[PDB]
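Asker: Quick one: the structure is below, questions incoming.
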Amino acid sequence: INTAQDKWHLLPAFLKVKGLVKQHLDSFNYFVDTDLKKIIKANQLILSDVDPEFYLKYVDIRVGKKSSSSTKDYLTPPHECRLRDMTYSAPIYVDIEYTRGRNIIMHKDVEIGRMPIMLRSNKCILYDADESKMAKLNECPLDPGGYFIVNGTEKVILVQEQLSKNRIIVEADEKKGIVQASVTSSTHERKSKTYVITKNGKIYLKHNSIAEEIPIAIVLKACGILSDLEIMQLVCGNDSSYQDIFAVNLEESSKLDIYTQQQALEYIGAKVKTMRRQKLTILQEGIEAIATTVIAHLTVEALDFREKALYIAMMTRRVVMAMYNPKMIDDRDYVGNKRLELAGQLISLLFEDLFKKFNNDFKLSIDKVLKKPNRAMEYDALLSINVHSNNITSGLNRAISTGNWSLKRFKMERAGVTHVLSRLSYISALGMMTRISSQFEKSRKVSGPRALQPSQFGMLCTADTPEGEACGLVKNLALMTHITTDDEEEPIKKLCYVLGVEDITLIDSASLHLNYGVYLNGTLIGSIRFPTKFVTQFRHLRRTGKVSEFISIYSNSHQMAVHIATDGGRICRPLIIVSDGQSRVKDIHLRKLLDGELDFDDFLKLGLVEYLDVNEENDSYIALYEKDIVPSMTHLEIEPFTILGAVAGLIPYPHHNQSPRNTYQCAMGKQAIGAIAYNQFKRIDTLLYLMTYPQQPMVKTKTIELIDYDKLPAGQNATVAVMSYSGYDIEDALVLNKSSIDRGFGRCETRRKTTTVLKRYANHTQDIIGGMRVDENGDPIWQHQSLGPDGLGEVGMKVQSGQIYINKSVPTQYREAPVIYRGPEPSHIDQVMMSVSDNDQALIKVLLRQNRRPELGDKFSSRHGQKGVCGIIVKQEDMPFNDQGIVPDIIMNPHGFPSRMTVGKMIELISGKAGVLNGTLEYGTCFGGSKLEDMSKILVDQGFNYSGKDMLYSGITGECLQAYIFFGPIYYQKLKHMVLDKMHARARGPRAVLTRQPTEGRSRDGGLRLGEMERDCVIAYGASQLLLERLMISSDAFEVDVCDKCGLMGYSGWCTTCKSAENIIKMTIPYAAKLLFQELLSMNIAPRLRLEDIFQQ
Amino acid sequence: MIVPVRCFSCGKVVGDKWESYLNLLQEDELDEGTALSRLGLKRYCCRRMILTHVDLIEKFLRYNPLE
Amino acid sequence: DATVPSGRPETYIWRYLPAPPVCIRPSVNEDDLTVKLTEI
Amino acid sequence: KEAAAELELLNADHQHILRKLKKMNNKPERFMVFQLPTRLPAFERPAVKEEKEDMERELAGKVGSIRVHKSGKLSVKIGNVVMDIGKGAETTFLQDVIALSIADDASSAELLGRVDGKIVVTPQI
Amino acid sequence: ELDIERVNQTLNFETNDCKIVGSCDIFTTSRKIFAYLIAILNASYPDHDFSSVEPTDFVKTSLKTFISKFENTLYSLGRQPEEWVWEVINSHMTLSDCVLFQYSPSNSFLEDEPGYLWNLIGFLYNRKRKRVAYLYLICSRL
Ligand SMILES: [Zn+2]
Ligand SMILES: [Zn+2]
Ligand SMILES: [Zn+2]
């Protein structure tokens, strides 16, 4: 009943209590429940400099609930905040301790701004909604959540990835730039970043708060390490090859005659910038530069500079190993060297700086009453809070909506932090989640961060990436992943001494490179004698759950180190532990997992499964299947198809395709259209492409069962005859059936919103909606046929290319400025919504519906990256037919298979055909699915051929075709790229007022640019009057009046620099050349035209 | 969102065999492929009309004005 | 080559400055150049 | 293979801890610093072995025992918890002595002895 | 208040190589008014005596002429001056029926401040409400 093929049931057990948007949801839940306190406690008190007794301190904070209230506050529901263009938010109730008069007073539930809350988080009202409350609140239960509604527009904070923050990374190249970063970041106690560079074979120390860089022997002497033999024992050891490389750095310390820590600190005391405030000595400064200035996560607190000296020594040992062997460098693109910054981390950066700037702007106004008269008239100090509380709200809302990230305190200016959530498909809303941004999108290289690494097996999706300008810079996380939670490390440090390390202040610096040293987050801590006994007893404390999971330990060997990482932003991945050649999850546990008890995280507590970091996968050896478990294995895959993400699970049989093909599907599954939501008829969105009769795939995948894709599918099962037909399907065009389109095959529907705001003005005059304008009797004129009596168009009426559907008027004169439907095709009004936004002014949203069917030129695709356009529509007595009489809906060319090598499309058709003849949906999941040798058993069972090739007759001539036709159902999906929204053409139209050339863009009248590369083409033809006509005569021709003696251009046949109309010549010229000359005369150069006659005498 | 009236590839009327398809599965239960043949859907173009039909009119009708 | 009366080397110091035409810098909202000329 | 190499080196350190403890007997004023865990089991009430296993000072004396096993090994037990032992610091090069400090008025730095080596005891997780 | 805080957030900014710092304020605390404004000047700048220059240059000009170039300099600094400001300062002070003054002597007391470029200082005396606004704009250079 249970066997090796049943351990994949942990994957519905993982995703049940976790989900796929947990990296957005858990981070925002961490912020509003933990990190709000750790911002208030970082700056609690307000100190009034005038009269230093009127203090003000914040006791605690909570969002969305008053302390005296036993119930959470009423929020406007998330769908009403989409319609009314509001921001779905919650009030931040701080309570305050302040001084008033002569006694101190606590005041309860001060509202300081409002926090825009994420959907499906704790404070959202959709949290634990039983799908009948989703319907009352007009919400789709299949919506992922994880995003914000800010001014109606729904915005997602993307997963950012940075380089690993507080760890060391070794770079090198030719010309010997061996640099060593360490971007130190304690929150903003200090944000600093040191280097270590070898110039001329001499190791230095650059830092951006130093005037000029310090050599390396006179900075370890700046720390406690000054014996100058142990410096040759901290960076060289007994290795004679490394003692030659560092020996130049020794004598430079004697060459500056630096010999004591007093004299060593005074060297760097005169090398600093930003001497501001204290006027302390160079000893007091150089001993401060090692305190909290160079490597800022290692703050020293006392006389003992030992472990920080051991830090810089273990940096420069990695330099000397890089000088000796140039291949001992660190990959910048390795996934273990990355940290994923989630949405709670970003908002904790954002909300802190606005609470800095709140408290600064509240302190510089709390003294504007104290140093002013009415001294005896005290004030409560709680009436100026709302003066600045509209900067907390407006600064949170602006930074999410704009996406701009302007943090003055933290000094970061990131762009593109948010994005509008995609509502093209159901897949677009889930593919915009699980999406990861990168830092490389400002400067360019070749073949660096754009190549995928083998270290993203199971961590990142190996095919979901865009093609073009962002291929490998946008990436996607897989199904069974988890992002680590940052936790405290001094309990983990104190566990290390109990387990047998001995401290760095106890160990001799001579014999330090003979034993493995432990590294709690890159910082050297101790030195174990027996490392693999230490590591085994630390996994065993984690598998018993004493020390937490998401705490990874791995024993390197070439570095001879034992690293222990516990910081957040690492990507874990669950695996099954095996022991002594035997998988620990037995069939009794799968029997319990199925029938209700013993869920996932009981497999963690009972020691069965385990999260592995990328780094901890080095110290492992992982089996893929249970038949492959040899005794030296230590883990087992729960399920191998989770190498692909959420979007790449739509592909049927991905392992049979070629790999560029499975990447084109990921971009094109997000573009195919179908069903969006269950409130897709209750929502008024900017552009909403729907399908009339969407079908679920015949060949499906486990991965689309899990993400509930077959309840909101996007596509239809076409009957596809793979054959060459009509010569209109040559290079990716596809032949289409007319009688299929007449019945609703591929028929879609477009919906578009149009918002006007009837704004009232400061003149106490308001925008007004007009009235129906009748003529000659009680019937409207043409532009008011679809209008109705109140100026807003009637629901159900047909608007076409010029009519008015909102008749608004601005100012009592009223200047008529109605909206005019300017579309190439008509469209029916389906929804007119009359509401009022937050600031008490009217808001009309009119939705417009348009039905459209497949024309020549719409894009269809299969799920195998084979995009195609509709080339011809064929009459259905012209299509080929079998013995039963079935004709194809699509005919597909056999020439798209051999170059593209999509063999998994040739298996989708048989599994699709054998499944529909059997009555069962089949599976084409990755590394598995239904088998071709017993899909071909069902297919002979009926009386069809085993190979899916049928003998079709010819519809045109009646005869048997001389080949057997591969014939059956493929799932086709229709893309948003439709030729009605792409055909445009311009003869003459509006011109840009500066260049007086035709305008830009498509949604103007138009203008197609002929630029710099086709000019080259027509020069090569020698066609000189075409080039004169296509560039000047019919782009910007300009009759201008030159002067012959000056060479400048005059107006009206008259020269100005010589007051005469005498020798003025009239010429035609590009207006951009006229615009050039008058911009050169303003720069004080004079282009003087020298003219001559065209004709010989 | 609701069942197509006709099969796309034949024009055989399949819209009257959705109300009866669900009764063959719910009561007197069949294995979804002899409930198709009992309704008389021989051709595979016509079986895929109601086998892979996802019925979204039932979920869309949960969100109307209560009226 | 100071045969031209604008040859002379002191014509490269801004004594007089031409104000460009309003066709060069329009107003849709003042322009960047229009707000620079007034400042000068 | 590496866990076998650390096994025999611990087996080598178990004869090497027995010689250096028996030879050190009754040589006066000659010490050995050696590392215990920070938290110890309680002794007014005996914390049982699996309870001290979970959460991970003034005392009287006779708090433990250094047991010598018949096979080749040693294991400190204190109270009722059982720990394991190894000469596990390093072969130290820096020379070590012990100095007693006196507080205020009998102010003296008494030189007691000299460190032989350093052995460590860990809980047997 | 909040609106006064908004119109002060308008008048404090810095462009490429200029830094303008000025604001407006309204508070109740032509022979007798000569001392009534030098106390505002002393409290506005508590490092220069203003009891010295008693027969100063108070150009008693029209307030419409003053707000004209006060709006023109905000066009001239790339600000696109927002009109609601001039109702807000109206709404506290009844801008229509009041008289304007301007401390603009021959050599003002900011010429010795390094980085000084120009100023615009407006006094707006009120009679029925005694509400004098001290509208000042100091353009510096950094
Ligand atoms: Zn001329
Ligand atoms: Zn039909
Ligand atoms: Zn049919």
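Chain labels follow the order of the structure tokens: the first chain is A, the next B, and so on; residue numbering restarts at 1 in every chain, and ligands are counted from 1 in their shown order.
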With only C-alpha atoms and all ligand atoms counted, collect every polymer residue having an atom within 9 Å of ligand 1; state the result as a PyMOL selection string.
Answerer: chain A and resi 1042-1050+1054-1064
Asker: For the selection you just gave me, I'd like the residues written to a file as a PDB file, in the first residue's frame, keeping N, CA and C atoms.
Answerer:
ATOM      1  N   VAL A1042      17.475  81.641 -45.777  1.00  0.00           N
ATOM      2  CA  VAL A1042      18.856  81.893 -45.415  1.00  0.00           C
ATOM      3  C   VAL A1042      19.245  83.261 -45.946  1.00  0.00           C
ATOM      4  N   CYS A1043      20.334  83.798 -45.421  1.00  0.00           N
ATOM      5  CA  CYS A1043      20.972  84.967 -45.995  1.00  0.00           C
ATOM      6  C   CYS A1043      22.230  84.524 -46.710  1.00  0.00           C
ATOM      7  N   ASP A1044      22.559  85.206 -47.796  1.00  0.00           N
ATOM      8  CA  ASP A1044      23.680  84.743 -48.592  1.00  0.00           C
ATOM      9  C   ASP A1044      25.000  85.351 -48.140  1.00  0.00           C
ATOM     10  N   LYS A1045      24.995  86.572 -47.614  1.00  0.00           N
ATOM     11  CA  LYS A1045      26.241  87.178 -47.173  1.00  0.00           C
ATOM     12  C   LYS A1045      26.596  86.817 -45.740  1.00  0.00           C
ATOM     13  N   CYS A1046      25.607  86.507 -44.908  1.00  0.00           N
ATOM     14  CA  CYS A1046      25.840  86.115 -43.528  1.00  0.00           C
ATOM     15  C   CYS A1046      25.845  84.606 -43.363  1.00  0.00           C
ATOM     16  N   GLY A1047      24.875  83.929 -43.944  1.00  0.00           N
ATOM     17  CA  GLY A1047      24.747  82.513 -43.767  1.00  0.00           C
ATOM     18  C   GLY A1047      23.834  82.118 -42.643  1.00  0.00           C
ATOM     19  N   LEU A1048      23.189  83.076 -42.002  1.00  0.00           N
ATOM     20  CA  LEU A1048      22.221  82.816 -40.954  1.00  0.00           C
ATOM     21  C   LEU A1048      20.813  82.853 -41.524  1.00  0.00           C
ATOM     22  N   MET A1049      19.866  82.364 -40.738  1.00  0.00           N
ATOM     23  CA  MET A1049      18.495  82.186 -41.192  1.00  0.00           C
ATOM     24  C   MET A1049      17.645  83.375 -40.762  1.00  0.00           C
ATOM     25  N   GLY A1050      16.991  84.009 -41.726  1.00  0.00           N
ATOM     26  CA  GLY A1050      16.101  85.112 -41.457  1.00  0.00           C
ATOM     27  C   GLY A1050      14.635  84.732 -41.534  1.00  0.00           C
ATOM     28  N   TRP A1054      13.525  88.270 -44.719  1.00  0.00           N
ATOM     29  CA  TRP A1054      14.224  89.431 -44.193  1.00  0.00           C
ATOM     30  C   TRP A1054      15.351  88.970 -43.292  1.00  0.00           C
ATOM     31  N   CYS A1055      16.547  89.496 -43.516  1.00  0.00           N
ATOM     32  CA  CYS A1055      17.662  89.198 -42.637  1.00  0.00           C
ATOM     33  C   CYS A1055      17.683  90.188 -41.494  1.00  0.00           C
ATOM     34  N   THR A1056      18.121  89.720 -40.335  1.00  0.00           N
ATOM     35  CA  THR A1056      18.143  90.570 -39.155  1.00  0.00           C
ATOM     36  C   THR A1056      19.536  91.097 -38.849  1.00  0.00           C
ATOM     37  N   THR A1057      20.567  90.268 -38.995  1.00  0.00           N
ATOM     38  CA  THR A1057      21.914  90.729 -38.698  1.00  0.00           C
ATOM     39  C   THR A1057      22.446  91.692 -39.747  1.00  0.00           C
ATOM     40  N   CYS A1058      21.835  91.735 -40.922  1.00  0.00           N
ATOM     41  CA  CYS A1058      21.983  92.841 -41.854  1.00  0.00           C
ATOM     42  C   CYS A1058      20.584  93.231 -42.291  1.00  0.00           C
ATOM     43  N   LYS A1059      20.165  94.443 -41.945  1.00  0.00           N
ATOM     44  CA  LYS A1059      18.757  94.823 -42.042  1.00  0.00           C
ATOM     45  C   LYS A1059      18.394  95.044 -43.506  1.00  0.00           C
ATOM     46  N   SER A1060      18.213  93.939 -44.225  1.00  0.00           N
ATOM     47  CA  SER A1060      17.881  93.991 -45.638  1.00  0.00           C
ATOM     48  C   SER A1060      17.256  92.675 -46.048  1.00  0.00           C
ATOM     49  N   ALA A1061      16.268  92.766 -46.933  1.00  0.00           N
ATOM     50  CA  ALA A1061      15.662  91.614 -47.584  1.00  0.00           C
ATOM     51  C   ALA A1061      16.323  91.305 -48.915  1.00  0.00           C
ATOM     52  N   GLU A1062      17.583  91.698 -49.080  1.00  0.00           N
ATOM     53  CA  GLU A1062      18.153  91.815 -50.414  1.00  0.00           C
ATOM     54  C   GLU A1062      18.599  90.467 -50.963  1.00  0.00           C
ATOM     55  N   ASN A1063      19.551  89.819 -50.304  1.00  0.00           N
ATOM     56  CA  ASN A1063      20.115  88.569 -50.809  1.00  0.00           C
ATOM     57  C   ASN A1063      19.614  87.348 -50.047  1.00  0.00           C
ATOM     58  N   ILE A1064      18.348  87.369 -49.655  1.00  0.00           N
ATOM     59  CA  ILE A1064      17.727  86.257 -48.946  1.00  0.00           C
ATOM     60  C   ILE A1064      17.339  85.167 -49.934  1.00  0.00           C
TER      61      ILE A1064
END
Asker: Around ligand 3, which protein and nucleic acid residues have at least one atom no more than 8 Å from it, if we count only C-alpha atoms and all ligand atoms? List them as an MDAnalysis selection string.
Answerer: (chainID A and resid 886) or (chainID B and resid 6:12 43:47)
Asker: Extract, using only C-alpha atoms, all DNA, RNA and protein residues at most 12 Å from residue 87 in chain D, discarding same-chain residues fewer than 6 positions from it, and format them as a ChimeraX atom specification.
Answerer: /A:500,502,528-530 /D:9-21,32-35,74,116-122
Asker: Residues of chain D in strand (DSSP E) according to DSSP, as a count of residues only?
Answerer: 31
Asker: Which residues are near ligand 2 in this structure, taking near to mean any atom at most 12 Å from a ligand atom and counting only C-alpha atoms and all ligand atoms? Format them as a PyMOL selection string.
Answerer: (chain A and resi 692-693+739-747) or (chain B and resi 2-16+45-46+49-50)
Asker: Hey, can you spit out that residue selection with C-alpha atoms as a short mmCIF file (atom, residue, chain, number, x, y, z; two decimals), in the first residue's frame?
Answerer:
data_model
loop_
_atom_site.label_atom_id
_atom_site.label_comp_id
_atom_site.auth_asym_id
_atom_site.auth_seq_id
_atom_site.Cartn_x
_atom_site.Cartn_y
_atom_site.Cartn_z
CA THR A 692 -15.06 32.34 -22.46
CA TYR A 693 -14.68 28.54 -22.14
CA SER A 739 -16.14 26.05 -37.41
CA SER A 740 -14.16 25.75 -34.22
CA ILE A 741 -13.97 29.53 -33.88
CA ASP A 742 -17.70 29.76 -34.56
CA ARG A 743 -18.37 27.47 -31.60
CA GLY A 744 -16.07 29.26 -29.21
CA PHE A 745 -12.64 27.80 -29.66
CA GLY A 746 -10.10 30.36 -28.53
CA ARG A 747 -12.65 33.13 -28.08
CA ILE B 2 -20.42 27.15 -18.40
CA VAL B 3 -20.54 24.12 -20.69
CA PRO B 4 -20.14 24.71 -24.43
CA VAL B 5 -23.32 23.90 -26.32
CA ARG B 6 -21.55 22.02 -29.11
CA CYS B 7 -18.34 20.10 -29.50
CA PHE B 8 -15.83 22.36 -31.22
CA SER B 9 -14.57 19.79 -33.70
CA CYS B 10 -17.89 18.25 -34.73
CA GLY B 11 -20.74 20.43 -33.65
CA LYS B 12 -22.28 17.54 -31.76
CA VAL B 13 -24.45 19.07 -29.07
CA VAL B 14 -22.84 18.38 -25.69
CA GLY B 15 -24.48 21.09 -23.60
CA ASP B 16 -27.39 18.87 -22.61
CA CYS B 45 -13.14 15.45 -29.57
CA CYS B 46 -16.54 15.23 -27.88
CA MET B 49 -15.64 18.81 -24.12
CA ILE B 50 -17.11 17.76 -20.78
#
Asker: To test your reading of the structure, identify every residue in range 10-56 of chain B that backbone DSSP assigns to helix (DSSP H, G or I), and report it as number ranges by chain.
Answerer: B: 15-17, 19-26, 34-39, 44-51
Asker: Please, which residues in chain E fall within 9 Å of chain A when counting only C-alpha atoms, and what is the closest atom pair and distance in Å to one decimal for each, ordered by chain then residue number, as a Markdown table?
Answerer:
| residue | atom | partner | partner_atom | distance |
| --- | --- | --- | --- | --- |
| E:1 | CA | A:387 | CA | 6.6 |
| E:2 | CA | A:387 | CA | 4.8 |
| E:3 | CA | A:387 | CA | 8.5 |
| E:5 | CA | A:387 | CA | 7.3 |
| E:29 | CA | A:373 | CA | 8.7 |
| E:83 | CA | A:762 | CA | 8.8 |
| E:84 | CA | A:762 | CA | 7.1 |
| E:87 | CA | A:762 | CA | 8.5 |
Asker: Keeping only N, CA and C atoms, write the selected residues as a short mmCIF file (atom, residue, chain, number, x, y, z; two decimals), in the first residue's frame.
Answerer:
data_model
loop_
_atom_site.label_atom_id
_atom_site.label_comp_id
_atom_site.auth_asym_id
_atom_site.auth_seq_id
_atom_site.Cartn_x
_atom_site.Cartn_y
_atom_site.Cartn_z
N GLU E 1 0.38 75.04 12.86
CA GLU E 1 -0.59 74.00 12.55
C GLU E 1 -0.09 73.08 11.45
N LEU E 2 -1.00 72.30 10.87
CA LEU E 2 -0.61 71.39 9.80
C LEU E 2 -0.44 72.14 8.49
N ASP E 3 -1.36 73.06 8.18
CA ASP E 3 -1.27 73.80 6.93
C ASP E 3 -0.10 74.77 6.93
N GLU E 5 2.56 74.08 8.56
CA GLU E 5 3.68 73.17 8.36
C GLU E 5 3.85 72.81 6.89
N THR E 29 1.95 88.02 19.32
CA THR E 29 2.90 88.51 20.32
C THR E 29 4.14 89.10 19.66
N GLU E 83 -0.98 77.37 -5.56
CA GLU E 83 -1.82 78.53 -5.28
C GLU E 83 -2.50 78.46 -3.92
N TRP E 84 -2.79 77.25 -3.42
CA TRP E 84 -3.52 77.07 -2.16
C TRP E 84 -2.81 77.69 -0.97
N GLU E 87 -4.16 80.98 -0.21
CA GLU E 87 -5.39 81.00 0.56
C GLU E 87 -5.16 80.64 2.02
#
Asker: Using only C-alpha atoms, select each residue of chain A with any atom at most 10 Å away from an atom of chain D, and give the selection as a PyMOL selection string.
Answerer: chain A and resi 494-503+506-512+514-515+526-534+536-538+540-541+544-547
Asker: What is the CA of residue 11 in chain E to CA of residue 840 in chain A distance in Å?
Answerer: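 About the pair CA of residue 11 in chain E and CA of residue 840 in chain A: they are 27.8 Å apart.
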Asker: Could you tell me how far CA of residue 897 in chain A sits from CA of residue 872 in chain A, in Å to one decimal place?
Answerer: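 CA of residue 872 in chain A sits 20.5 Å away from CA of residue 897 in chain A.
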Asker: With a distance threshold of 7 Å and counting only C-alpha atoms, extract the residues of chain C near chain E and express them as a PyMOL selection string.
Answerer: chain C and resi 35+38-39
Asker: Generate a file of the selected residues that holds N, CA, C and O atoms, formatted as a short mmCIF file (atom, residue, chain, number, x, y, z; two decimals), in the first residue's frame.
Answerer:
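Once written, part.cif looks like this:
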data_model
loop_
_atom_site.label_atom_id
_atom_site.label_comp_id
_atom_site.auth_asym_id
_atom_site.auth_seq_id
_atom_site.Cartn_x
_atom_site.Cartn_y
_atom_site.Cartn_z
N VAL C 35 14.12 78.56 -17.07
CA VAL C 35 14.39 78.84 -15.67
C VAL C 35 15.88 79.09 -15.45
O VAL C 35 16.26 79.71 -14.46
N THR C 38 16.50 83.15 -16.52
CA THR C 38 16.08 84.10 -15.49
C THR C 38 17.05 84.14 -14.33
O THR C 38 17.32 85.20 -13.78
N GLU C 39 17.57 82.98 -13.95
CA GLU C 39 18.55 82.93 -12.87
C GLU C 39 19.80 83.70 -13.26
O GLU C 39 20.37 84.42 -12.43
#
Asker: Up to 10 Å from chain A, what residues of chain C turn up? Count only C-alpha atoms and give them as a PyMOL selection string.
Answerer: chain C and resi 11-14+16-28
Asker: May I have the residues from that selection written out with N, CA and C atoms, as a PDB file, in the first residue's frame?
Answerer:
ATOM      1  N   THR C  11      36.343  87.380 -28.265  1.00  0.00           N
ATOM      2  CA  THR C  11      34.984  86.969 -28.556  1.00  0.00           C
ATOM      3  C   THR C  11      34.636  85.637 -27.923  1.00  0.00           C
ATOM      4  N   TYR C  12      35.559  85.035 -27.172  1.00  0.00           N
ATOM      5  CA  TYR C  12      35.331  83.768 -26.502  1.00  0.00           C
ATOM      6  C   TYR C  12      35.102  83.943 -25.011  1.00  0.00           C
ATOM      7  N   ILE C  13      34.768  85.152 -24.582  1.00  0.00           N
ATOM      8  CA  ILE C  13      34.424  85.452 -23.203  1.00  0.00           C
ATOM      9  C   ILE C  13      32.998  85.972 -23.218  1.00  0.00           C
ATOM     10  N   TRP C  14      32.163  85.469 -22.314  1.00  0.00           N
ATOM     11  CA  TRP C  14      30.763  85.865 -22.341  1.00  0.00           C
ATOM     12  C   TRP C  14      30.542  87.297 -21.883  1.00  0.00           C
ATOM     13  N   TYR C  16      28.187  89.358 -23.874  1.00  0.00           N
ATOM     14  CA  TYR C  16      26.773  89.274 -24.194  1.00  0.00           C
ATOM     15  C   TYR C  16      26.403  87.818 -24.411  1.00  0.00           C
ATOM     16  N   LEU C  17      25.157  87.488 -24.093  1.00  0.00           N
ATOM     17  CA  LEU C  17      24.681  86.114 -24.118  1.00  0.00           C
ATOM     18  C   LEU C  17      23.383  86.108 -24.909  1.00  0.00           C
ATOM     19  N   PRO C  18      23.246  85.292 -25.955  1.00  0.00           N
ATOM     20  CA  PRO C  18      22.000  85.304 -26.717  1.00  0.00           C
ATOM     21  C   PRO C  18      20.923  84.543 -25.970  1.00  0.00           C
ATOM     22  N   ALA C  19      19.762  85.147 -25.867  1.00  0.00           N
ATOM     23  CA  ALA C  19      18.610  84.439 -25.365  1.00  0.00           C
ATOM     24  C   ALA C  19      18.023  83.627 -26.509  1.00  0.00           C
ATOM     25  N   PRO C  20      17.913  82.310 -26.380  1.00  0.00           N
ATOM     26  CA  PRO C  20      17.426  81.482 -27.485  1.00  0.00           C
ATOM     27  C   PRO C  20      15.951  81.715 -27.747  1.00  0.00           C
ATOM     28  N   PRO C  21      15.465  81.407 -28.952  1.00  0.00           N
ATOM     29  CA  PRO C  21      14.044  81.577 -29.250  1.00  0.00           C
ATOM     30  C   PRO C  21      13.188  80.654 -28.406  1.00  0.00           C
ATOM     31  N   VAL C  22      11.915  81.018 -28.273  1.00  0.00           N
ATOM     32  CA  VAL C  22      10.996  80.224 -27.478  1.00  0.00           C
ATOM     33  C   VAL C  22      10.636  78.935 -28.211  1.00  0.00           C
ATOM     34  N   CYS C  23      10.898  78.869 -29.516  1.00  0.00           N
ATOM     35  CA  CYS C  23      10.829  77.602 -30.229  1.00  0.00           C
ATOM     36  C   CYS C  23      11.887  76.622 -29.739  1.00  0.00           C
ATOM     37  N   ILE C  24      13.065  77.117 -29.353  1.00  0.00           N
ATOM     38  CA  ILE C  24      14.119  76.253 -28.824  1.00  0.00           C
ATOM     39  C   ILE C  24      13.748  75.740 -27.443  1.00  0.00           C
ATOM     40  N   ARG C  25      13.135  76.585 -26.622  1.00  0.00           N
ATOM     41  CA  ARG C  25      12.709  76.160 -25.294  1.00  0.00           C
ATOM     42  C   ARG C  25      11.252  76.563 -25.074  1.00  0.00           C
ATOM     43  N   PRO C  26      10.321  75.629 -25.242  1.00  0.00           N
ATOM     44  CA  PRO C  26       8.894  75.967 -25.146  1.00  0.00           C
ATOM     45  C   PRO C  26       8.417  75.940 -23.709  1.00  0.00           C
ATOM     46  N   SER C  27       7.117  76.069 -23.486  1.00  0.00           N
ATOM     47  CA  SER C  27       6.546  75.936 -22.150  1.00  0.00           C
ATOM     48  C   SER C  27       5.320  75.042 -22.233  1.00  0.00           C
ATOM     49  N   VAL C  28       5.404  73.861 -21.635  1.00  0.00           N
ATOM     50  CA  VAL C  28       4.282  72.933 -21.645  1.00  0.00           C
ATOM     51  C   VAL C  28       3.457  73.086 -20.376  1.00  0.00           C
TER      52      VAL C  28
END
Asker: If you count only C-alpha atoms, which residues fall within 7 Å of range 17-19 of chain E, apart from same-chain ones fewer than 5 positions away, as JSON, numbers by chain?
Answerer: {"E": [139, 140, 141, 142]}
Asker: Show me, as a PyMOL selection string, the residues of chain A whose atoms get within 6 Å of chain B, using only C-alpha atoms for the distance check.
Answerer: chain A and resi 135+678+693+695-696+740+743+887+918-919
Asker: Export C-alpha atoms of the chosen residues as a compact mmCIF listing (two decimals), in the first residue's frame?
Answerer:
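Heads up, here's the output in selection_24.txt:
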# COMPACT_ATOMS: atom_id res chain seq x y z
CA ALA A 135 -17.38 35.70 -1.08
CA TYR A 678 -13.68 34.22 -8.81
CA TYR A 693 -14.68 28.54 -22.14
CA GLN A 695 -10.55 23.96 -20.15
CA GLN A 696 -8.21 22.21 -17.81
CA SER A 740 -14.16 25.75 -34.22
CA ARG A 743 -18.37 27.47 -31.60
CA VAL A 887 -11.45 17.32 -37.94
CA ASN A 918 -10.00 6.11 -21.16
CA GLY A 919 -11.86 8.87 -19.35
Asker: Using Å and a single decimal, report how far CA of residue 168 in chain A sits from CA of residue 521 in chain A.
Answerer: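 Answer for the CA of residue 521 in chain A to CA of residue 168 in chain A separation: 10.2 Å.
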Asker: Pick out the residues sitting within 9 Å of residue 75 in chain D, and hand them over as a list in words; count only C-alpha atoms, and ignore anything fewer than 2 positions along from it in its own chain.
Answerer: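 Result of the neighbour search: residues 65, 66, 67, 68, 69, 73, 77, 82, 83, 84, 85, 86 and 121 of chain D.
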